[PDB]
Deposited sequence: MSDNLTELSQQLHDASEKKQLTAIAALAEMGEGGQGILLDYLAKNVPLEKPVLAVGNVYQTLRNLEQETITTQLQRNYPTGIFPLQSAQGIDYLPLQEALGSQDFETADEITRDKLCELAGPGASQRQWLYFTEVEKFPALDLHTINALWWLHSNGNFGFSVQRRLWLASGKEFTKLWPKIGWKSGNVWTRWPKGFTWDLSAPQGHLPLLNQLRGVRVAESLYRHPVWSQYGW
C-alpha cells in the first residue's frame, strides 16, 4: 500500500495527501522523500508540496525535524546582491501569506537599491534592471509554498493567457471585481482559497508600468517559468 503511494511521488499531490494522513509510516515516507531531493537545484512542485504538507500537520516532532534538517527551507536562498530571503521563506513556511507579501514588497525595494528603499516604491526601469537570480528565488518560494497557486510567474502566464490585457487580468486574479478595485489590505484573500495568481500583490496606485516590466523580465524564460 504505502510503497505504491511512494512510487506515485514521481496526481502527486493526492499521494502526498494520503501519505500524510497515514501516521508515522506515511510521514516517514514523506520525510525520506525530502532527504532524497533537498536541496532543490530546480523548483519541483512535488517537493514543495511534501514539505508544506508536513509543516501543515503542525506536529512538534515533524516541525522540529524539518527545521533541523532544512533550516533555510528546501530551496537555495540565492541573491545576486547578498539579500537575506530567510524571513520570506519562514513566512511562507508558516503559510502567513500576508506577512510574506509585505516582506516581498520590502525585498523588491531593497533589491532595487537605496533610492527605492528610501521612497518605498519602484520605478519600472529599476524593475527592468533587477537581477534574474533574485526574482527566481523569490518566485520559487511563493510557488513552492502555495502548490503553484501564487507567484509572479503565475500572474505572468495568466496575463499571457489574457492577450496581455491587464483589464482582463485583474478579475482573474481577484484584484478587481467588476468596476471596483479590491481594497488593501482587508479586501484581499490571504490563504490558498484565493484565486490563482492572487499573490504577491502589485499596487496599482502608480499604474501598470512596474507590473508589465516585471512580467516582461527575462528571468521567466531564462529559468523556464
**Request:** Note down, first to last, the deposited-sequence stretches for which the model contains no C-alpha atom.
**Result:** 1-3, 14-18
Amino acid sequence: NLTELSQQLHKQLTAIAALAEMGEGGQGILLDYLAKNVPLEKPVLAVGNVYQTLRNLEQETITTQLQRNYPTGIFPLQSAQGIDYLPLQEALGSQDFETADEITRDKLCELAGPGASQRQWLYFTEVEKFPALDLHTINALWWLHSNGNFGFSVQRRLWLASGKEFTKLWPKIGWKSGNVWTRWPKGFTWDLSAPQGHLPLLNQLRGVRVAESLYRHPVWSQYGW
From here on, numbers count along this sequence of modelled residues.
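What we label the rigid core is the largest C-alpha set whose atoms superpose within 1.5 Å from one form to the other.
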**Core-aligned Cα RMS comparison in 5 other deposited structures of this protein - stretch that moves more, 178-186 or 57-65** = 178-186
**Message:** Quick check: by Cα RMS after rigid core superposition, does 38-46 or 169-177 differ more from this form in 5 other deposited structures of this protein?
**Reply:** 169-177
**Prompt:** Should the higher mean CA B-factor in the entry be assigned to 176-184 or to 45-53?
**Reply:** 176-184
**Request:** Look over 137-145 and 123-131 in the entry and identify the one with the greater average Cα temperature factor.
**Result:** 123-131
**Fill in**
The residue of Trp170, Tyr70, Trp159, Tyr33 with the maximal C-alpha B-factor according to the PDB record is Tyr33
**Fill in**
Highest CA B factor of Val208, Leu214, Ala17, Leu201, as deposited, is found at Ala17
**Request:** Report the third (lowest, middle or highest) to which the CA temperature factor of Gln155 belongs, ranking only the modelled residues of the same chain.
**Result:** lowest
**Prompt:** In terms of the CA temperature factor given in the entry, to which third of its chain does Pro87 belong: lowest, middle or highest?
**Reply:** middle
**Asked** With respect to C-alpha B-factor, does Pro195 fall in the lowest, middle or highest third of the chain as deposited?
**Response** middle
**Where the record places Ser94 (Cα B-factor, split into thirds across the chain)** = middle
